[PDB]
K.L.:
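I'd like to ask you about the structure that follows.
Every heavy atom of this structure was used, including side-chain atoms; hydrogens, water molecules and symmetry mates were not. We count ligands from 1, going down the list as the structure has it; atoms in each ligand are counted the same way. Reminder, nothing fancy here: chain letters follow the sequence lines and each chain counts from 1.
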Protein chains: 6
Amino acid sequence: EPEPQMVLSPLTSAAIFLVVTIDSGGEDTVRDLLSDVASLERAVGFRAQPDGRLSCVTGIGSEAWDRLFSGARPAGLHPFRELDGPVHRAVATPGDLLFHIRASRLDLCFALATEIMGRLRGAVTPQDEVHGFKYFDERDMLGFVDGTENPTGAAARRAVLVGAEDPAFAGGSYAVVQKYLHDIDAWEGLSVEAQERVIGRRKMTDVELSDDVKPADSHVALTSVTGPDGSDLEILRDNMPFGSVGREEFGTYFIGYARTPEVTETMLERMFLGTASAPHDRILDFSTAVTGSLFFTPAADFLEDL
Amino acid sequence: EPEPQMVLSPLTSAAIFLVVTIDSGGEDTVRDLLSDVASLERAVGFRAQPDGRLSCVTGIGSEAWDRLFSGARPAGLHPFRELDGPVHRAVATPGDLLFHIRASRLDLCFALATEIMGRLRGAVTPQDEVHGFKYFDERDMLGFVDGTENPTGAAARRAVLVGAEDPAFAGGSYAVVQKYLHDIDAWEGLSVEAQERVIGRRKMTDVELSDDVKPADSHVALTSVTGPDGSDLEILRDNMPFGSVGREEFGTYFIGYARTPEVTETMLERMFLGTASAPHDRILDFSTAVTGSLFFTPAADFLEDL
Amino acid sequence: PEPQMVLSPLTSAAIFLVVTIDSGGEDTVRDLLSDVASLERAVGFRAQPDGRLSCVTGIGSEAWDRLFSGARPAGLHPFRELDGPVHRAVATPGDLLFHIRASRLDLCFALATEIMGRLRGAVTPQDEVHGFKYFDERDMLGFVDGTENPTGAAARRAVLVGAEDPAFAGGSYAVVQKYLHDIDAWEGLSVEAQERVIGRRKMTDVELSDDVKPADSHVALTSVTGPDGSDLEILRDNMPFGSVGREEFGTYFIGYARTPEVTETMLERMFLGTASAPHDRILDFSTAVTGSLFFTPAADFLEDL
Amino acid sequence: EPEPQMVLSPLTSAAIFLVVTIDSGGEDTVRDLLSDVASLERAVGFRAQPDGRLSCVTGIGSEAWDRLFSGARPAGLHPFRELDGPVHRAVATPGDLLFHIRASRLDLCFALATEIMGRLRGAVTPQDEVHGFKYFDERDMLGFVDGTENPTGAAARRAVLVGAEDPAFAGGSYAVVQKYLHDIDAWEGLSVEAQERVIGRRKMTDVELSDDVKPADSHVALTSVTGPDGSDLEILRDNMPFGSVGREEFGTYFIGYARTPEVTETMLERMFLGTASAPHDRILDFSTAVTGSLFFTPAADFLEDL
Amino acid sequence: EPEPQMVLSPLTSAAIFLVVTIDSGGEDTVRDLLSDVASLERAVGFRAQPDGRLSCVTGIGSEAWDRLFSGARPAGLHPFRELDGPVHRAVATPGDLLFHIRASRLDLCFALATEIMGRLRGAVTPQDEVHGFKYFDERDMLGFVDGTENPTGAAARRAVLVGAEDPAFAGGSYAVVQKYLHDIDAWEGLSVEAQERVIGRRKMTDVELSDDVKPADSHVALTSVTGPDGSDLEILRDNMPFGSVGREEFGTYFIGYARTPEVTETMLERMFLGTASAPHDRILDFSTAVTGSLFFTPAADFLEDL
Amino acid sequence: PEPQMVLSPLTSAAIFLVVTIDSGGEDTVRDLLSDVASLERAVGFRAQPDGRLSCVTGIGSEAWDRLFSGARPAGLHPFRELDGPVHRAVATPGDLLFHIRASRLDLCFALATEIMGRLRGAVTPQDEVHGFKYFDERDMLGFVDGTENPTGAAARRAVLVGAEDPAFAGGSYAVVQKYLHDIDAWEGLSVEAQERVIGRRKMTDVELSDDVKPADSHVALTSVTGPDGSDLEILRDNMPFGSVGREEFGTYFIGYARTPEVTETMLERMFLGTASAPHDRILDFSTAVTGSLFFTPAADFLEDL
Ligand code: HEM
Ligand code: HEM
Ligand code: HEM
Ligand code: HEM
């Protein structure tokens with residue numbers, strides 16, 4: 001039975017997202033770090049038990065996989081595809097390795113990130129680093145509760161973990177990341193009621209708008225997709241706020257896990273390219289994506305054994 | 001396995017119990033809310049991750065079931081059976097829907113109860129509303145630790161959840177509720193030692209009395225029942241204190257979950273009607289039941305699917 | 001002169017008990033008053049350090065005359081009914097107030113049980129409210145409630161009797177009103193409309209600009225300057241309460257001040273209005289169902305009965 | 001169907017370790033106690049839900065097994081084997097019953113130990129009693145983080161619980177205990193760098209030394225044992241610090257659980273008897289074992305059915 | 001303005017009490033350590049801000065005072081006075097220095113005690129070391145809440161601190177310590193009602209018994225003392241439970257602070273020698289004193305100015 | 001005179017914001033200064049009782065003259081650059097300092113958002129640092145940091161302006177410097193060598209004895225006596241910060257004192273050395289990249305604008 005990485009674990013109060021590219025000739029140094037990353041997580045994490053809640057999920061991109069490994073490859077692993085809508089675009093930016101580090105305190109995340117980057121220095125080039133923080137009662141920088149409809153329990157396992165469809169990679173998952181910056185000045189000019197129509201839920205109480213008032217181009221309408229079984233396709237989102245007040249940077253770091261990239265991609269196509277009933281997701285009128293990458297997060301034992 | 005509601009979840013520090021009857025003509029409104037209640041739970045509950053521990057268990061009575069649904073019925077669902085003992089009576093009182101709401105804080109329970117009732121206004125009449133609170137080290141209003149011998153783990157699952165005996169309803173449970181008021185002035189007139197003999201356990205330390213000293217009419221003796229096989233029949237109790245000091249109202253809200261009502265009903269018969277060895281449970285000389293209702297709590301997917 | 005715990009902060013749980021003293025019950029009450037500090041310690045010590053149990057005991061004007069034979073606090077009088085053109089602040093019976101707070105309801109309940117156990121047969125209960133914290137210090141209107149309370153030395157100056165009434169130094173005056181809200185009407189307003197009623201932004205609790213704040217907003221009417229241009233302050237320990245089945249959504253108002261004049265001036269502005277404002281808009285969504293005034297003596301006064 | 005005792009549970013901030021021998025004629029008293037131990041744990045532990053985390057693991061030694069039970073014995077149950085190295089000795093000391101009591105607070109541990117010993121008064125003689133406490137960020141008295149490489153999850157179940165190889169005792173485990181006292185004066189005369197070389201991990205950060213700096217006589221190198229197939233053999237350690245400053249007693253109470261004693265014994269052999277490259281584990285130059293006992297901890301249901 | 005040591009601080013969940021005698025020739029080493037104890041406390045304590053709550057109060061006995069210092073001595077500093085009652089005795093045992101160490105966690109107490117004793121090795125001989133722990137809801141080993149009637153605020157300052165009656169030593173205090181062991185077997189043979197009559201308060205609820213039913217040989221009656229001017233004489237008690245279950249040692253470590261030893265001695269005389277209406281305190285029928293020492297705890301600046 | 005929260009303890013989160021005031025920005029700034037206590041309460045009240053939000057506002061020497069007429073604080077001047085033979089304490093621009101602390105970053109960030117929202121178009125940001133607690137009060141060098149800060153009466157005497165400048169009593173002076181560390185070089189030292197640089201034991205935080213403590217150790221050089229025979233003390237609220245990808249491992253130094261002369265004396269000793277030490281060894285591993293000096297007025301001074 002393969003052991004997944006901590007892709008099912010809940011939101012925490014602190015996170016570091018690190019994305020790097022592998023320099024020419026850095027492959028061996030990377031493979032050696034990948035075999036040790038669980039050890040490094042325990043080394044730091046055990047110090048803060050029982051309430052540290054440190055974890056690290058490590059992901060590998062498509063191009064990187066092809067450089068690192070001469071054997072089998074996950075069936076759905078491909079580069080993130082840029083989506084160039086009429087107005088808004090989902091950019092594809094470089095990234096070979098993802099480290100999604102979470103804990104109840106930033107120090108633990110920073111200590112682990114330090115140890116990882118110490119072992120990769122000279123073999124990789126940093127592309128992005130974000131230090132995320134919880135904002136009040138699980139809110140995002142738009143002021144809405146963010147994560148409510150994430151799946152839990154068995155539904156989450158079914159939605160997130162690779163299974164018998166790709167048995168060599170059972171227990172893995174697919175992560176899509178996008179860094180979004182928000183136009184807070186424009187957003188704060190809307191009434192609360194107008195903001196609710198953009199999102200599709202009530203702002204203070206987090207209750208969904210009824211079907212007969214929710215606009216077709218609201219975020220919740222466009223990211224609600226019925227599957228063949230009539231169910232509703234699900235992903236697990238671990239989005240975190242970030243920002244810098246002096247630079248007027250108010251951000252949402254989007255990370256979504258799914259058993260196949262097709263689910264996440266379908267949602268992105270609906271948001272950016274629109275539907276018959278909606279030109280594009282109105283959240284994008286206040287949000288700009290500035291990164292976009294796709295990674296496979298293998299089973300823990302995959303990493304330990306290479 | 002089907003996904004149960006949160007019937008196996010532990011005691012919390014705050015609860016709201018709401019029992020309502022469905023008005024004539026209110027059935028469609030109720031069905032629509034039933035299909036939404038999990039959504040509403042997540043709407044409020046996600047705000048307080050990770051410590052809020054909000055849950056809501058929804059139950060449906062026997063008469064209401066036939067008004068709401070055609071076709072299949074759970075095998076054990078029937079109206080609560082009034083027990084008229086020589087001295088003490090377990091009354092049957094009206095109740096179509098139960099909402100058992102728990103959290104670590106009363107605000108979450110109140111917020112959810114507000115949303116539920118807002119969606120039911122004009123379609124239901126409230127019958128009972130109790131706001132329960134933890135009392136010191138898991139004590140009840142009689143001053144005894146209350147919940148000790150609840151089953152845990154796999155034993156709890158076997159005792160509480162419908163299984164292969166009624167497969168279309170697997171993952172459901174049966175809840176019996178009774179609101180009890182205590183005669184605290186008479187109770188406080190007993191010595192500690194006399195109270196221990198009523199209950200069957202030591203007051204301060206919660207250790208069970210030895211079998212040579214435990215009276216036949218003690219509460220623990222009468223609610224310990226073996227199956228024909230010789231296993232204990234267990235139920236899961238989530239009893240909470242409640243009260244009002246000005247009205248001299250000191251209560252225990254009894255709620256017990258079981259895989260079939262027959263177990264809870266056997267215990268109630270022993271308590272109210274007695275055995276050859278005991279006329280009745282001595283706890284009832286200090287405890288008056290003022291409500292009594294029976295509900296089936298379906299698996300979560302039953303409610304989601306309408 | 002050691003005060004009662006009138007300066008202490010909001011807690012997550014509270015019980016408010018108001019009783020009247022039955023004829024013949026005076027001696028029982030005096031014995032309880034002398035023991036209430038003892039009872040508080042008896043329960044509270046169990047939950048060190050984080051129980052934060054306290055009890056503030058208040059005595060009304062009528063009761064004072066029945067219990068005590070000496071001087072009266074200078075500002076003590078029965079709550080004055082205010083009959084506005086539209087809204088009324090009712091005066092309701094109440095001789096003794098127990099304002100019980102802790103971080104957990106069980107401590108409040110255990111202490112109230114002990115107090116009422118000593119008083120049974122001597123007092124009649126008039127009101128009992130079990131208050132609870134609602135999210136991030138919100139009230140049932142969905143606004144943060146308590147923000148502009150004074151702190152530190154400013155609170156002491158605003159709340160405690162001093163040299164103006166030296167026999168009663170260290171006391172305070174408490175005004176209580178139980179309010180029920182019409183939540184259906186309130187939820188019919190847009191958020192921005194609700195902000196104009198209160199005078200602060202709903203989600204972030206930032207005060208509206210002086211040039212945008214309506215004259216009949218709550219914050220505008222309860223902001224009062226004394227003749228010297230200094231702000232008149234009170235200390236509020238309001239708690240939410242309610243019952244969903246009865247559609248009871250409430251604010252239990254309690255405010256402490258050094259003299260009732262300050263609290264009364266605010267009530268007059270709210271219910272009777274000014275030249276600018278007919279009445280406080282908050283009252284279009286809030287009905288007062290009780291109204292009582294109490295003096296909360298220094299702790300030593302009760303101990304020396 | 002076999003329910004383990006709580007041998008897989010995590011470290012806690014408080015523990016009591018109690019070892020007793022059974023007096024001639026005390027066998028019936030002990031059997032009666034063993035059948036009630038779970039009941040005593042619930043009696044005390046329920047008082048401190050949800051954060052008390054009280055558990056008790058009960059172990060039975062080789063000689064005691066034969067005096068208490070007739071029938072099958074566990075395959076691996078024998079007396080602790082003394083190891084007489086050239087310099088350092090692993091002593092064998094008496095012990096029939098082990099009670100490993102853990103909680104987040106010492107009071108809960110002490111209250112349960114009181115109830116257990118109250119029932120055993122007259123039937124047993126105490127041999128050892130240690131009250132353990134968490135020291136900073138999971139450090140031992142040598143100043144190093146202690147516990148880091150314990151297995152978790154499925155790997156822990158595989159390393160610790162008896163299975164198909166001894167099916168009558170499935171769900172049990174073997175515990176080895178050793179009380180160590182440290183020579184802190186000698187230890188504190190080593191540089192940090194020298195201490196790191198004794199242990200094989202960085203002191204402050206708990207990061208493992210790489211294979212090339214890691215001495216072959218370091219504690220980590222000697223307790224790293226690979227089985228026939230190239231796989232690590234693992235144990236689960238719940239060691240706790242203890243001490244008395246006035247008597248200069250600074251100790252580590254060692255307790256290690258494993259599915260077979262052979263794993264734990266091999267590690268001990270490497271420590272005390274050494275390898276081709278290492279005469280003995282350098283940790284023992286600063287640590288003296290003053291007790292040594294081996295116990296079988298049965299499945300919970302085994303104890304209940306007495 | 002003399003700054004006192006932390007003698008007015010509240011009870012904590014953990015404590016270490018250390019009593020040592022000063023070896024002949026150890027005086028200079030002890031003086032140096034006295035001058036550094038505040039420094040050492042800061043060094044350990046700062047690591048656990050804001051919740052560590054570490055403090056250390058240092059006391060010096062009468063005989064030691066005269067070995068360490070020259071000049072004027074505190075007015076009430078004498079050796080503990082043995083009380084030989086008809087039935088029970090308050091023994092006097094050796095002790096030159098007291099370290100009363102408190103914190104919210106034992107590790108902090110132990111770390112500080114290690115540092116202190118490290119500086120004193122070879123200059124002192126340990127006499128007593130007790131590790132105290134909070135027991136449920138501020139209970140003692142007799143099962144009663146213990147500390148309720150301690151003075152607070154200005155009343156505590158007035159009861160505890162030396163003032164103008166001995167102005168050279170203003171800001172100091174006197175500490176009496178006695179280690180008590182209890183006869184729990186005898187105690188548990190009493191009914192709860194009989195135990196209440198021994199103490200003078202209700203067991204479970206901690207409410208004081210009425211004047212009419214409170215016995216005259218009850219503990220609370222005998223330790224309630226008024227002076228000639230009608231004022232209540234008070235002390236501040238920081239008692240902690242301690243024990244060892246195997247040795248059947250169930251203890252109260254008594255420590256009481258007062259501005260003159262005469263108050264504490266008057267209570268001890270009433271307890272051990274009795275009054276007109278009571279032969280002795282009934283609590284002593286279940287409690288034996290095994291140590292007895294008196295210390296002066298100087299103002300902080302006195303120590304620093306060494 | 002009520003001080004700002006300059007005596008308050010370290011917290012787990014902090015934001016340090018330094019801005020300069022643009023052409024014509026003075027009126028906007030003055031209006032925000034008069035409101036900053038109000039904004040602090042607006043946000044902070046939401047997180048009672050655990051949030052521990054505070055904001056200390058400082059004003060630089062040049063900005064003082066732009067914003068206010070009348071008296072200046074006696075000790076206010078531009079930060080003095082120190083060009084040592086090897087190491088330099090640089091001066092960089094800064095008109096306003098906001099030192100924001102809480103138990104959680106969200107509270108800091110919310111307050112900083114509201115402040116900057118009011119200052120948009122009036123100020124240019126110079127520096128923004130988000131500090132976090134690192135294990136048991138450690139800095140990025142791995143040492144416990146803050147141990148010897150004064151407390152209680154000693155801290156009030158060391159930090160608050162008094163009768164020496166009575167118009168400004170209750171104020172203080174803050175020096176800030178952002179330091180970046182050469183962690184690769186530092187980690188090249190043994191623990192024992194690092195202890196000799198700092199002057200305390202690394203794991204246990206106990207001070208080295210006078211026998212063993214080097215004269216160019218940090219603790220030696222920053223222990224300064226005044227003629228009074230008195231230790232000169234400052235109150236430090238430094239916080240770690242950093243970025244792993246940029247190899248940025250920092251200490252944000254902020255030190256409060258009743259006069260800048262104390263802090264400047266320690267800076268001189270560190271950067272320029274003494275008869276017995278060329279410079280503080282900590283500077284061989286630490287580079288200052290900002291330096292600014294501010295006066296933090298009493299709270300009532302800001303309120304009164
Ligand atoms: C329906 C009952 C009430 C509700 C729901 C309510 C709610 C609020 C809210 C949300 C605020 C703004 C935040 C704050 O500073 O606390 C506020 C402010 C205030 N309220 Fe009320 N309040 C009520 C009744 C009263 C009454 C009866 C009085 C006085 C007799 C009063 C006096 C104040 C004062 C003095 C302020 C602070 C104004 C300032 O200086 O900005 N309130 N109240
Ligand atoms: C003086 C008594 C002991 C002390 C202070 C001690 C301390 C430590 C420390 C600090 C570590 C490194 C961190 C960790 O993974 O836990 C360690 C690892 C370990 N210890 Fe010990 N230990 C002691 C006795 C023992 C004994 C008696 C055994 C086995 C019989 C044992 C088995 C192990 C094992 C299996 C590991 C993990 C090694 C690895 O795979 O990396 N220890 N111990
Ligand atoms: C033998 C072990 C002792 C135990 C277990 C014990 C226990 C208690 C208990 C349960 C109380 C009532 C609650 C409270 O107010 O703290 C109490 C009160 C008190 N005890 Fe003791 N005590 C002991 C020894 C002493 C000694 C030796 C002294 C004095 C020399 C003392 C002085 C007091 C005082 C002054 C009170 C408060 C009485 C009042 O004013 O109500 N106790 N103690
Ligand atoms: C460069 C980054 C700095 C770091 C990492 C650092 C670190 C430390 C450390 C670890 C201590 C010992 C523990 C303590 O008492 O806090 C210390 C003490 C001290 N530091 Fe620094 N420090 C820095 C810069 C400064 C600066 C710039 C000043 C003054 C202008 C200063 C003044 C002090 C003082 C006054 C003490 C206390 C010395 C004593 O009385 O024992 N520090 N610092």
K.L.:
Show me which atoms of ligand 1 lie under 4.0 Å from any heavy atom of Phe143(C).
P.N.:
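With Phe143(C) as reference, the close atoms of ligand 1 come out as 10 (C).
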K.L.:
With the side chain counted from C-beta on, respond yes when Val144(C) and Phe135(C) share a heavy-atom pair under 4.5 Å apart, and no when they do not.
P.N.:
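They are not in contact (no side-chain heavy atoms under 4.5 Å apart), so the answer is no.
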K.L.:
In the protein, what heavy atom is nearest to atom 2 (C) of ligand 1, and what distance, to one decimal place, separates them?
P.N.:
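Looking at atom 2 (C) of ligand 1, the protein heavy atom closest to it is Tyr179(C) CD1, 3.8 Å.
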K.L.:
Might you work through the salt bridge (charged side-chain N to carboxylate O under 4.0 Å, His left out) test for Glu196(D) and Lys203(D), ending with a clear yes or no?
P.N.:
CA-CA 6 Å; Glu196(D) 289 175 337; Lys203(D) 190 175 189 180; over 6 Å; no
K.L.:
Quick one: which ligand 1 atoms are inside 4.0 Å of a heavy atom on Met270(C)?
P.N.:
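Near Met270(C), meaning under 4.0 Å from one of its heavy atoms, ligand 1 has 26 (C), 27 (C), 28 (C).
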K.L.:
Are any of the side-chain nitrogens in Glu137(C) or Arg46(F) under 4.0 Å away from the carboxylate oxygens of its partner?
P.N.:
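No, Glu137(C) and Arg46(F) are not salt-bridged.
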K.L.:
Going by the atom numbers of ligand 2, which of them fall below 4.0 Å from some non-hydrogen atom of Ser287(D)?
P.N.:
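So the atoms of ligand 2 that pass are 1 (C).
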K.L.:
Report yes or no: do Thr205(E) and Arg202(E) form a side-chain donor-acceptor pair below 3.5 Å?
P.N.:
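Note: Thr205(E) and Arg202(E) side chains miss the donor-acceptor criterion.
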K.L.:
For the residue pair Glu262(E) and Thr266(E), establish whether any side-chain heavy-atom pair is separated by less than 4.5 Å.
P.N.:
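Sidechains of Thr266(E) and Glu262(E): in contact.
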K.L.:
Looking at ligand 3, would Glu208(E) count as a contact under a 4.0 Å heavy-atom criterion?
P.N.:
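Outside the 4.0 Å threshold, so no.
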K.L.:
Taking 4.0 angstrom as the limit and counting only heavy atoms of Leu268(D), give me the atoms of ligand 2 inside it, by number and element.
P.N.:
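Atoms satisfying the 4.0 Å criterion: 27 (C), 30 (C).
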K.L.:
Within the structure, is a non-hydrogen atom of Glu264(C) found at a distance of less than 4.0 Å from ligand 1?
P.N.:
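Judged by the 4.0 Å heavy-atom criterion, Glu264(C) does not count as contacting ligand 1.
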K.L.:
Quick check for you: to the nearest 0.5 Å, what is the distance between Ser224(E) atom OG and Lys214(E) atom NZ?
P.N.:
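With rounding to 0.5 Å, OG (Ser224(E)) is 5.5 Å from NZ (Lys214(E)).
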K.L.:
Checking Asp146(D) against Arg237(D) for the salt bridge (charged side-chain N to carboxylate O under 4.0 Å, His left out) test, could you report, in this order, the C-alpha distance in whole Å, the side-chain angles of both residues, the deciding distance, and whether it holds?
P.N.:
CA-CA 9 Å; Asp146(D) 194 317; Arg237(D) 291 161 295 125; 3.6 Å; yes
K.L.:
Show me which atoms of ligand 2 lie under 4.0 Å from any heavy atom of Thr252(D).
P.N.:
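It comes down to these atoms of ligand 2: 5 (C).
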K.L.:
Under the rule for salt bridge (charged side-chain N to carboxylate O under 4.0 Å, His left out), what residues qualify as partners of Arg270(D), not counting sequence neighbours?
P.N.:
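Expected list: none.
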K.L.:
I'd like to check whether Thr147(C) has a polar contact with ligand 1, where a contact means an N/O of the residue lying under 3.5 Å from an N/O of the ligand.
P.N.:
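N/O-N/O distance below 3.5 Å exists for this pair.
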K.L.:
Give every protein N, O or S atom lying under 2.8 Å from atom 21 (Fe) of ligand 1, naming each by residue and atom.
P.N.:
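The answer, once waters are left aside, is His218(C) NE2.
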K.L.:
Pick out which of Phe250(E), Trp187(E), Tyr180(E) makes a ring-ring contact (aromatic ring centres under 6.0 Å, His included) with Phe286(E).
P.N.:
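One option only clears the test, and that one is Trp187(E).
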K.L.:
Can you find a non-hydrogen atom of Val145(E) under 4.0 Å from ligand 3?
P.N.:
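Yes, that is the case, since the closest heavy atom of the residue is under 4.0 Å from the ligand.
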K.L.:
Within a distance under 4.0 Å of any heavy atom of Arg200(C), pick out the atoms of ligand 1 and give their elements.
P.N.:
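In order of number, 12 (C), 13 (C).
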K.L.:
Is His182(D) in contact with ligand 2, taking contact as a heavy-atom separation below 4.0 Å?
P.N.:
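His182(D) counts as a contact of ligand 2 under the 4.0 Å cut-off.
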K.L.:
Please tell me if the side chains of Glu233(C) and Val262(C) come closer than 4.5 Å, counting only heavy atoms from C-beta onward.
P.N.:
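SC-SC contact between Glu233(C) and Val262(C) ruled out.
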K.L.:
Taking only non-hydrogen atoms of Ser224(E), do any sit less than 4.0 angstrom from ligand 3?
P.N.:
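True for this residue.
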K.L.:
Can you tell me which residue and heavy atom of the protein come closest to atom 15 (O) of ligand 1, and the distance to 0.1 Å?
P.N.:
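Ranked first by proximity to atom 15 (O) of ligand 1 is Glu148(C) N, 3.0 Å.
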K.L.:
Using a heavy-atom cut-off of under 4.0 Å, does the side chain or the backbone of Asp139(C) touch ligand 1, or both, or neither?
P.N.:
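The part of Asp139(C) near ligand 1 is the side chain, not the backbone.
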K.L.:
Please could you name the atoms of ligand 3 that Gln178(E) approaches to less than 4.0 Å, counting only its heavy atoms?
P.N.:
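Listed by number with element: 27 (C).
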K.L.:
For atom 16 (O) of ligand 1, find the nearest protein heavy atom and state the residue, atom name and distance (0.1 Å precision).
P.N.:
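Among all protein heavy atoms, the one nearest atom 16 (O) of ligand 1 is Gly146(C) N, 2.7 Å.
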K.L.:
Kindly determine whether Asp285(D) and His88(D) satisfy side-chain hydrogen bond (donor to acceptor under 3.5 Å, both in side chains), including the steps that lead there.
P.N.:
CA-CA 8 Å; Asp285(D) 290 342; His88(D) 299 295; 3.0 Å; yes
K.L.:
Of all residues at least two apart in sequence or in a different chain, which pass the ring-ring contact (aromatic ring centres under 6.0 Å, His included) check with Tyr252(C)?
P.N.:
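ring-ring contact (aromatic ring centres under 6.0 Å, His included) list for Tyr252(C), sorted by chain: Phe16(C).
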K.L.:
Just jot down the ring-ring contact (aromatic ring centres under 6.0 Å, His included) partners of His219(E), sequence neighbours excluded, or say none.
P.N.:
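Per chain and number, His219(E) pairs via ring-ring contact (aromatic ring centres under 6.0 Å, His included) with no residue.
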K.L.:
Determine the sole option in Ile283(D), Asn239(D), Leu181(D), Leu142(D) for which the side chain to side chain contact (heavy atoms under 4.5 Å, CB included) test with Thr252(D) is passed.
P.N.:
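Result: among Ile283(D), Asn239(D), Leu181(D), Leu142(D), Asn239(D) is the only option passing the side chain to side chain contact (heavy atoms under 4.5 Å, CB included) with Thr252(D).
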K.L.:
Of all the atoms in ligand 2, which lie at a distance below 4.0 Å from a heavy atom belonging to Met267(D)?
P.N.:
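The atoms of ligand 2 under 4.0 Å from a heavy atom of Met267(D) are 35 (C).
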K.L.:
Do the side chains of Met270(C) and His279(C) get nearer than 4.5 Å, heavy atoms only?
P.N.:
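Not touching, per the 4.5 Å side-chain cut-off.
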